[PDB]
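Okay, structure first, notes after.
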Amino acid sequence: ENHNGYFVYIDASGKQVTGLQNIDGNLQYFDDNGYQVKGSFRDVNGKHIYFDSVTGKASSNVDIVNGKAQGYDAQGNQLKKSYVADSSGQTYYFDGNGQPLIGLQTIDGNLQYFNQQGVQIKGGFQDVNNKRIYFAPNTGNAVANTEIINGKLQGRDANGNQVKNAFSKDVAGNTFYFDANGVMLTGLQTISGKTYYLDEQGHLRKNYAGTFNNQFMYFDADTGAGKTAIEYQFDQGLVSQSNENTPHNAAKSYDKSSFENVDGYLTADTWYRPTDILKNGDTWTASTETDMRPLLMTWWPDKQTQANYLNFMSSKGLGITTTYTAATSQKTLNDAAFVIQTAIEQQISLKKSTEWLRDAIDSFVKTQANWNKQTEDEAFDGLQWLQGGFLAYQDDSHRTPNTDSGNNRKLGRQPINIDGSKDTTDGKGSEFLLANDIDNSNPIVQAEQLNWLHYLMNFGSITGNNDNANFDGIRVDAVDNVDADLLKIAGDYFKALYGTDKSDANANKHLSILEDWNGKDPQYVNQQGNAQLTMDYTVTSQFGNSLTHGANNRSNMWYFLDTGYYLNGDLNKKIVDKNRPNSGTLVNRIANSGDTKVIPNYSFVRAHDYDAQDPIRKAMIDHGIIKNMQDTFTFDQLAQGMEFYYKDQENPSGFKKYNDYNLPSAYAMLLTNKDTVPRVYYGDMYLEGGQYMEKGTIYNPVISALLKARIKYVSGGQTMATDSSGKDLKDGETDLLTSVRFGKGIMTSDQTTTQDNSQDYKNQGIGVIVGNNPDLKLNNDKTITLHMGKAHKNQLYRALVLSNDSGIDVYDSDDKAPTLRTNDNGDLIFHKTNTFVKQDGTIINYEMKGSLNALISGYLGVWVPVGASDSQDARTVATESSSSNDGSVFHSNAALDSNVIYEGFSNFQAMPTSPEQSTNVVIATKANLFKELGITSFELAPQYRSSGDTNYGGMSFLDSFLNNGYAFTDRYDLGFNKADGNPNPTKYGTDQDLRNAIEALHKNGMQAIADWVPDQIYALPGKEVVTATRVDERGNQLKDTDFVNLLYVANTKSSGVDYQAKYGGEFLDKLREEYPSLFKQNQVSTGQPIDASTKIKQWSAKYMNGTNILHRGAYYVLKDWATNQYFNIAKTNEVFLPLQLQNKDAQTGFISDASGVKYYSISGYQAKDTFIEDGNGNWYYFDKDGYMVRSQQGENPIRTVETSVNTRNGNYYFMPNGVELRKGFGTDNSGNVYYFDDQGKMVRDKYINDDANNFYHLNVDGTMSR
Amino acid sequence: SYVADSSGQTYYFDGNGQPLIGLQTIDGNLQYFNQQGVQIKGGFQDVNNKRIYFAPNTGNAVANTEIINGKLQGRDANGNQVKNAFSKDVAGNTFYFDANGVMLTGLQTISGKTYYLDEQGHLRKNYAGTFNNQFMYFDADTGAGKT
Ligand SMILES: OC[C@H]1O[C@H](OC[C@H]2O[C@H](O[C@@H]3[C@@H](O)[C@@H](OC[C@H]4O[C@H](O[C@@H]5[C@@H](O)[C@@H](OC[C@H]6O[C@H](O)[C@H](O)[C@@H](O)[C@@H]6O)O[C@H](CO)[C@H]5O)[C@H](O)[C@@H](O)[C@@H]4O)O[C@H](CO)[C@H]3O)[C@H](O)[C@@H](O)[C@@H]2O)[C@H](O)[C@@H](O)[C@@H]1O
Ligand SMILES: OC[C@H]1O[C@H](O[C@@H]2[C@@H](O)[C@@H](OC[C@H]3O[C@H](O)[C@H](O)[C@@H](O)[C@@H]3O)O[C@H](CO)[C@H]2O)[C@H](O)[C@@H](O)[C@@H]1O
């Protein structure tokens, strides 16, 4: 609290705090009056403690104590032998006695200067002694620097002496040379028999190629010394590898028998069958089919990998421990590989096992960048945040034909982009979300999704011959991440089977909702005839801004009205604005009399996936239970975190760190709004963790009352107003929102009676008053009014719910509540101070007062008419007549509004401790309870068997390890028993438990909603080889990635023996016979109808768009660098292997001939049309003819390269010895300078910066303007 | 231990001799390391949702301000944007940022105390001026106006 400009702290006790206090982990102080101290020193006990100027938090400073400076730490101890920075960012060093050092000093091996007051000189020169020394900006350490004396640059070394006949730096990082006279040199200079190039400024240029002595000259990256680049830098001549061991280690066979493989290809951890085995390191013996050995014992992709293998295996006791490099001779490495092979066979005999080796190879393989995620470009922006990035599979019939999709895989066909017309913009859908993304643009897959849909809508019929245990409707998960055809497919299915387009009674018997977050989805859904209900994020959003989020600065309640709906916000005139910038809330409620058609919708305050998952994890992070949001956690870890979350939720202080504010007030509005189907979140009713329905939340009573009141009173028209005109509040204004419903046939304030002369209205209707300001106090004059309407003149009303300083009181019946009577015009008038009387006769006192406690931060009052019958029902039944010929399914009206959906699960529930406490068992016993709260549809969690802790590569997701059912391997397994007969429940119970749960809900007149999850599937056990490109969520290639059309081992193939195999495609034939039009109707995104001619009993890559990155590497599938062809052994007519393995002679190295230089890879093949790196790290390009590209005298060294590997296409600068220039400037034959990047490519049309803070500009044609 | 290489770049090697990567706390200091294990110094960095500035020589996490669109914004040491509060920049200037995140200017009364911010938005301390038409000295400690 703030009093007279000062912070005071008032305890949980209610006591004002003085003295030193650690409050919530921060050390602070308050003087005798209780005010807090900031930017000052205080003395407590033996400590001299400074407190910060912003926060008032204890930290280090320097005080002038008496006449002298003395340093202090956070705890208030005098510091000795240390450095302290003071309030103004100045630095002292205090010695062994606590006294600050002055003058020149050597501290921790560093030279530093201190002024006469003990302050450290930083970022300037300083005349200590005869010499002048520069001291660095942040360290303050002595360093070489240059300054301008007269008009000429001069150099100063670290000792403060001027530099003569030598090179010296400046702080920025530029090197200069200064001659005998001290003067900086320029241009081309030969000193100590070596030649350096200094630019016009005098900067020494390193890694710079230029024609300097009329003959090319490359200036060293190390020292800038000019070499002629005539000497070849490759150190490996052409050598033969074959020897006495070659025929023994060669493969027994060139096929799947002798080679571990995937779709014919080989992998880094492949093992093969050699012809013979050096058993025990003694005697070569023919191999038996079980004698498999690792390919890396005998072959390597390149010398670097070979050297790394030798060093790694050496470290494990297998030979002389070695430092080998790619520069080591090939002959040496091969000899060393054999002594390791010997040692290996000895440890195989000694251990009588090869498992130890499997683990050694696996370990070694993950060490190498090409075989781990370092070549996968892990990224976390956008949806990549979930799992680290995506790979899009490609159609490549030449290399990977099993994986070809038949020209499907249209990505990002979300509703707004169903036809691809926004593919080039951000309007393209984020097709990739999680795990293996199913290709819902493929007609065959579309048919399979319909089969699954049929299976769910007839679950009970099919699995228990129980026609009462069937789901009634669906929730469509992740609409914006799949092909929008699925909506039409689902819509048309329900039309065909249930005649949902015939009547509101048919439609409303199968309530179906969409998870459709895009702000333009509502209008799409409505153009397509509302086959499923859109969400209304606009109201959920406004709850966030005005009530639910944040302790203080909240949007005004005014924003709920959306007055812009009317021209000039003319609430007097009420002219609807026919043309607006596509904005505002979906349904206006200022004066909604049901006269204008509106888009039917569901709405909510929270969800299993909204305002839950993030807070619950932030809480775990905040208490050090995990480090990252993507971090894997155990259920025990979750339970501990949950305890902090609950503690925060129920905090009597009223402050909430992770949880949402004002949930009751939010539900009061959600549950009284016209033209919406409200949805209630299990986790606002019961605690989100632990056991299902284990313990109610503090909000439960209030929400329960609102729910029951909704059945009795909520009908008719609506109005909504605020004591507020905009962002800013005038003097009297409270910003208190007043929402009213009138009764069954009453549509307006001024309507006094129904047209049909029904009397139902008189005891119906409701009044809601809500505020978002806990510190709200009314002026004494101020009156606040609820216009209950002219159909309710002089009527007695009683409170349902009233907020106060300790909680919110809930009144169950007319007798126990305060009454108040409306006037002749039908208004309930409220003042700052009120005296209400019970109908009994008792008098009650009540202030219109903002309150702050666990249940509210603001005001909440709800009022209902007294005299309500016990069985009073204000709901409207849906009519069987064909009311509309518009073609649409759902219509927003009184009937639809009479529904309430309950989202009845939480992602963070604990696993059942016993079968009796399984969610679906509990639902069956408690069905009664939900009927009486007015739930007409029960949204059950997804019932599919969780993929669990299974993880074939890449990052696991919480859906999977929390077993919530959104992550599954088998789409048709909803809790079936193991094949041995044992029970095998999901998190929610067996399949019988589910059928019982569904039946129980029908016995209590409620529907059951199936969560339809078509976007992805997790943890498929079978491997295939795909052609993959690294992409972002929309399937766009990452800008700077080498990972393009590469072969990759993915987990895409289903077991083939699961419930997907049993029930896959089975119901389609029966359906085509009975409803032919479903199978003949064309879909929009494809132009085709769904295709039931092919059944999906087993998933595989051809039906997938892609996957999250699996951490295997860009080149885990083995390839020859020289030809760029991948090794394969599937068909004996098209085998490609390294020549060693076929007992042929593999020659490897560089060899010159009259025409030029050639290169042979470790596998014995000639490099053509490919880049090659030598053992010293230099790069070369070999042209289509097989010859190294090299610059000639008088010719342009810049060459344009078009390779088989497209990503490398570009302009390169090859020197006379063929070395590609990288990360440096290169001069062409005509004097123009270009720059070439990390990978050798020319850079165009941008500014480029230097480590020394030099800037250069490169024109569009590549040249450097600088 | 820390080691700086030939080019003046810095790594930290752990108990096994392997360099640390990503966000780390060392000697009680928060620091970031790129995918190659190199230490980020003198720049912003999007680690998680938050954006954090790391100091030029220490590389330690600190509050800083950057210009987003055409308006100065404030970033704290944890990488969260600053709203309704004072925040520094690396140079040493203090600013105040309102509920909307926007830096304030001129004479401002917040939490019943009065501060003077110049045209650039710098909080002025140890500054004497006739501000409310009556003399006012702005504190050397916190910049709060006394009479
Ligand atoms: O223009 C001067 C008037 O400004 C205020 O009036 C705002 C309007 O209020 C009523 O309609 C609103 C309707 O706009 C919408 O508001 C949602 C949301 O708005 C604010 O949050 C925004 C946030 O969405 C985001 O905006 C980004 C930009 O989006 C578009 O490009 C906009 O055109 C642009 O202006 C936005 O900047 O980020 C913004 C910055 O952080 C943020 O401002 C507001 O803070 C939230 O509380 C609010 O939920 O839906 C509301 C219902 O939910 C409607 O009530 C009026 O009908 C409309 O005419 C107004 O223009 C101000 O109050 C008026 O007094 C000014 O005259
Ligand atoms: O931090 C505890 C440690 O501090 C001293 O060690 C310093 C070390 O911190 C470093 O100083 C560089 C630089 O850092 C601060 O920002 C300071 O303001 C600035 O003046 C300082 O120059 O480098 C030196 C070199 O070894 C170290 O000595 C203490 O000496 C040590 O005993 C403390 O434990």
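Residues are named by chain letter and number: chains run A, B, ... in the order of the structure tokens, numbers start at 1 in each chain, and ligands are numbered from 1 in the order shown.
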
Exercise. Using only C-alpha atoms, find the residues of chain B whose closest atom to chain A is at most 12 Å away, then write them as an MDAnalysis selection string.
Key: chainID B and resid 6:9 22:25 34:36 41:42 46:50 55:59 83:96 98:101 109:115 123 125:126 139:146

Chain A residues near ligand 1 within 8 Å, closest pair each, using only C-alpha atoms and all ligand atoms, as JSON lines:
```
{"residue": "A:538", "atom": "CA", "partner": "ligand 1", "partner_atom_place_in_ligand_line": "53 (O)", "distance": 5.7}
{"residue": "A:539", "atom": "CA", "partner": "ligand 1", "partner_atom_place_in_ligand_line": "53 (O)", "distance": 6.2}
{"residue": "A:541", "atom": "CA", "partner": "ligand 1", "partner_atom_place_in_ligand_line": "49 (O)", "distance": 6.5}
{"residue": "A:542", "atom": "CA", "partner": "ligand 1", "partner_atom_place_in_ligand_line": "49 (O)", "distance": 4.7}
{"residue": "A:545", "atom": "CA", "partner": "ligand 1", "partner_atom_place_in_ligand_line": "47 (O)", "distance": 5.3}
{"residue": "A:546", "atom": "CA", "partner": "ligand 1", "partner_atom_place_in_ligand_line": "47 (O)", "distance": 6.5}
{"residue": "A:554", "atom": "CA", "partner": "ligand 1", "partner_atom_place_in_ligand_line": "47 (O)", "distance": 7.4}
{"residue": "A:555", "atom": "CA", "partner": "ligand 1", "partner_atom_place_in_ligand_line": "47 (O)", "distance": 4.3}
{"residue": "A:556", "atom": "CA", "partner": "ligand 1", "partner_atom_place_in_ligand_line": "47 (O)", "distance": 6.9}
{"residue": "A:558", "atom": "CA", "partner": "ligand 1", "partner_atom_place_in_ligand_line": "55 (O)", "distance": 6.7}
{"residue": "A:559", "atom": "CA", "partner": "ligand 1", "partner_atom_place_in_ligand_line": "55 (O)", "distance": 3.5}
{"residue": "A:560", "atom": "CA", "partner": "ligand 1", "partner_atom_place_in_ligand_line": "52 (C)", "distance": 5.0}
{"residue": "A:561", "atom": "CA", "partner": "ligand 1", "partner_atom_place_in_ligand_line": "55 (O)", "distance": 5.6}
{"residue": "A:562", "atom": "CA", "partner": "ligand 1", "partner_atom_place_in_ligand_line": "55 (O)", "distance": 3.5}
{"residue": "A:563", "atom": "CA", "partner": "ligand 1", "partner_atom_place_in_ligand_line": "57 (O)", "distance": 4.2}
{"residue": "A:564", "atom": "CA", "partner": "ligand 1", "partner_atom_place_in_ligand_line": "57 (O)", "distance": 2.9}
{"residue": "A:565", "atom": "CA", "partner": "ligand 1", "partner_atom_place_in_ligand_line": "57 (O)", "distance": 5.8}
{"residue": "A:566", "atom": "CA", "partner": "ligand 1", "partner_atom_place_in_ligand_line": "57 (O)", "distance": 7.8}
{"residue": "A:568", "atom": "CA", "partner": "ligand 1", "partner_atom_place_in_ligand_line": "59 (O)", "distance": 7.7}
{"residue": "A:569", "atom": "CA", "partner": "ligand 1", "partner_atom_place_in_ligand_line": "57 (O)", "distance": 6.8}
{"residue": "A:581", "atom": "CA", "partner": "ligand 1", "partner_atom_place_in_ligand_line": "33 (O)", "distance": 8.0}
{"residue": "A:583", "atom": "CA", "partner": "ligand 1", "partner_atom_place_in_ligand_line": "13 (C)", "distance": 6.2}
{"residue": "A:584", "atom": "CA", "partner": "ligand 1", "partner_atom_place_in_ligand_line": "50 (O)", "distance": 4.1}
{"residue": "A:585", "atom": "CA", "partner": "ligand 1", "partner_atom_place_in_ligand_line": "52 (C)", "distance": 5.0}
{"residue": "A:725", "atom": "CA", "partner": "ligand 1", "partner_atom_place_in_ligand_line": "65 (O)", "distance": 7.2}
{"residue": "A:726", "atom": "CA", "partner": "ligand 1", "partner_atom_place_in_ligand_line": "65 (O)", "distance": 4.3}
{"residue": "A:727", "atom": "CA", "partner": "ligand 1", "partner_atom_place_in_ligand_line": "63 (O)", "distance": 4.2}
{"residue": "A:728", "atom": "CA", "partner": "ligand 1", "partner_atom_place_in_ligand_line": "65 (O)", "distance": 7.3}
```

May I have the selected residues written with N, CA and C atoms, as a tab-separated table (two decimals), in the first residue's frame?
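Output (again-v6.tsv):
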```tsv
chain	number	residue	atom	x	y	z
A	538	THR	N	-14.00	-13.60	-29.51
A	538	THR	CA	-14.07	-12.18	-29.22
A	538	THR	C	-14.52	-11.95	-27.78
A	539	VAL	N	-15.47	-12.74	-27.29
A	539	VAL	CA	-15.91	-12.61	-25.90
A	539	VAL	C	-14.90	-13.23	-24.91
A	541	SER	N	-11.73	-13.41	-25.38
A	541	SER	CA	-10.67	-12.42	-25.41
A	541	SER	C	-10.98	-11.24	-24.47
A	542	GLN	N	-12.20	-10.71	-24.54
A	542	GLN	CA	-12.57	-9.56	-23.74
A	542	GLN	C	-12.62	-9.89	-22.25
A	545	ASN	N	-9.04	-9.40	-21.14
A	545	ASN	CA	-8.56	-8.04	-21.03
A	545	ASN	C	-9.22	-7.26	-19.92
A	546	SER	N	-10.51	-7.50	-19.71
A	546	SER	CA	-11.29	-6.72	-18.75
A	546	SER	C	-11.47	-7.33	-17.35
A	554	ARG	N	-6.56	-3.05	-16.53
A	554	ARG	CA	-7.46	-3.91	-17.26
A	554	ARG	C	-8.27	-3.04	-18.18
A	555	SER	N	-8.68	-3.57	-19.33
A	555	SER	CA	-9.55	-2.83	-20.22
A	555	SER	C	-10.87	-2.59	-19.49
A	556	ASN	N	-11.48	-1.44	-19.73
A	556	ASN	CA	-12.78	-1.16	-19.14
A	556	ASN	C	-13.85	-2.15	-19.59
A	558	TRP	N	-16.62	-1.25	-20.48
A	558	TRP	CA	-17.11	-0.61	-21.70
A	558	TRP	C	-16.85	-1.43	-22.96
A	559	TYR	N	-15.68	-2.05	-23.03
A	559	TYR	CA	-15.28	-2.77	-24.23
A	559	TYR	C	-16.19	-3.95	-24.57
A	560	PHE	N	-16.84	-4.53	-23.56
A	560	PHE	CA	-17.81	-5.60	-23.80
A	560	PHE	C	-19.00	-5.18	-24.67
A	561	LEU	N	-19.36	-3.91	-24.66
A	561	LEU	CA	-20.53	-3.44	-25.43
A	561	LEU	C	-20.29	-3.43	-26.92
A	562	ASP	N	-19.11	-2.97	-27.33
A	562	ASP	CA	-18.77	-2.77	-28.74
A	562	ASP	C	-19.77	-1.78	-29.34
A	563	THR	N	-19.76	-0.55	-28.83
A	563	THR	CA	-20.74	0.47	-29.26
A	563	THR	C	-20.60	0.84	-30.73
A	564	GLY	N	-19.37	0.73	-31.24
A	564	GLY	CA	-19.10	0.90	-32.65
A	564	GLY	C	-20.03	0.10	-33.55
A	565	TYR	N	-20.66	-0.93	-33.01
A	565	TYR	CA	-21.66	-1.67	-33.73
A	565	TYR	C	-22.67	-0.72	-34.35
A	566	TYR	N	-23.10	0.26	-33.55
A	566	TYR	CA	-23.99	1.33	-34.01
A	566	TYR	C	-23.21	2.54	-34.55
A	568	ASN	N	-21.69	6.02	-34.85
A	568	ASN	CA	-21.31	7.03	-33.85
A	568	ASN	C	-21.56	6.56	-32.41
A	569	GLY	N	-21.45	5.27	-32.15
A	569	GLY	CA	-21.91	4.75	-30.88
A	569	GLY	C	-23.18	5.44	-30.40
A	581	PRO	N	-14.65	-1.89	-40.58
A	581	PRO	CA	-13.41	-2.67	-40.84
A	581	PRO	C	-13.33	-4.12	-40.24
A	583	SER	N	-14.62	-5.90	-37.68
A	583	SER	CA	-14.20	-5.84	-36.27
A	583	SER	C	-15.34	-6.03	-35.26
A	584	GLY	N	-14.97	-5.95	-33.99
A	584	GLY	CA	-15.93	-5.94	-32.90
A	584	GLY	C	-16.31	-7.34	-32.46
A	585	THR	N	-17.22	-7.40	-31.49
A	585	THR	CA	-17.65	-8.67	-30.93
A	585	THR	C	-18.66	-9.31	-31.88
A	725	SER	N	-18.11	5.62	-20.88
A	725	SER	CA	-18.25	6.08	-22.24
A	725	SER	C	-17.06	5.73	-23.13
A	726	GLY	N	-16.01	5.13	-22.58
A	726	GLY	CA	-14.82	4.80	-23.37
A	726	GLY	C	-13.66	4.32	-22.52
A	727	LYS	N	-12.44	4.53	-23.01
A	727	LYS	CA	-11.21	4.21	-22.26
A	727	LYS	C	-11.14	4.94	-20.91
A	728	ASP	N	-11.57	6.19	-20.90
A	728	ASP	CA	-11.32	7.08	-19.77
A	728	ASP	C	-12.61	7.40	-19.04
```

Self-check item: Protein and nucleic acid residues within 12 Å of ligand 2 (only C-alpha atoms and all ligand atoms) as number ranges by chain
Solution: A: 60-61, 73, 79-86, 89-96, 105-114, 119-123, 135-142; B: 2, 26-29, 55-60

Quiz prompt | residue 19 in chain A environment, 7 Å, only C-alpha atoms, sequence neighbours closer than 4 positions dropped, as a PyMOL selection string | solution = chain A and resi 29-31

Exercise. Mind checking which residues fall within 6 Å of range 207-212 of chain A, counting only C-alpha atoms, ignoring those fewer than 3 positions away in the same chain, and posting them as number ranges by chain?
Key: A: 215-221, 1224-1227

Exercise. Quick one: pick out all alpha helix (DSSP H) residues within range 144-389 of chain A from a backbone DSSP run and write them as a PyMOL selection string.
Key: chain A and resi 246-249+303-313+330-351+355-367

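Coordinates place CA of residue 595 in chain A at a distance of 19.9 Å from CA of residue 887 in chain A.
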
Self-check item: Given only C-alpha atoms as the counted atoms, nearest of A:1014, A:1064, A:861, A:1194 to residue 455 in chain A
Solution: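 Among the listed residues, A:1064 lies closest to residue 455 in chain A.
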
Self-check item: Atomic separation - CA of residue 1123 in chain A relative to CA of residue 295 in chain A, Å
Solution: 20.1 Å

Exercise. Identify, on the basis of only C-alpha atoms, every residue whose closest approach to residue 631 in chain A does not exceed 10 Å; exclude the query and any residue fewer than 3 positions from it along the same chain; express the result as a PyMOL selection string.
Key: chain A and resi 617+621+625-628+955-958

For those residues, write C-alpha atoms to a file as an mmCIF file, in the first residue's frame.
```cif
data_model
loop_
_atom_site.group_PDB
_atom_site.id
_atom_site.type_symbol
_atom_site.label_atom_id
_atom_site.label_comp_id
_atom_site.auth_asym_id
_atom_site.auth_seq_id
_atom_site.Cartn_x
_atom_site.Cartn_y
_atom_site.Cartn_z
ATOM 1 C CA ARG A 617 3.818 -24.988 -16.044
ATOM 2 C CA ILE A 621 9.143 -23.326 -13.484
ATOM 3 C CA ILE A 625 10.475 -28.148 -10.611
ATOM 4 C CA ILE A 626 11.339 -27.877 -14.307
ATOM 5 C CA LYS A 627 13.451 -25.425 -16.300
ATOM 6 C CA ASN A 628 11.638 -25.115 -19.631
ATOM 7 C CA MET A 955 11.043 -34.002 -28.400
ATOM 8 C CA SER A 956 8.225 -35.607 -26.480
ATOM 9 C CA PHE A 957 5.058 -33.547 -25.899
ATOM 10 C CA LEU A 958 3.031 -33.259 -22.644
#
```

Exercise. Could you check which of A:501, A:235, A:362, A:1040 is closest to residue 327 in chain A, using only C-alpha atoms?
Key: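 Looking at the shortest contact to residue 327 in chain A, the residue is A:235.
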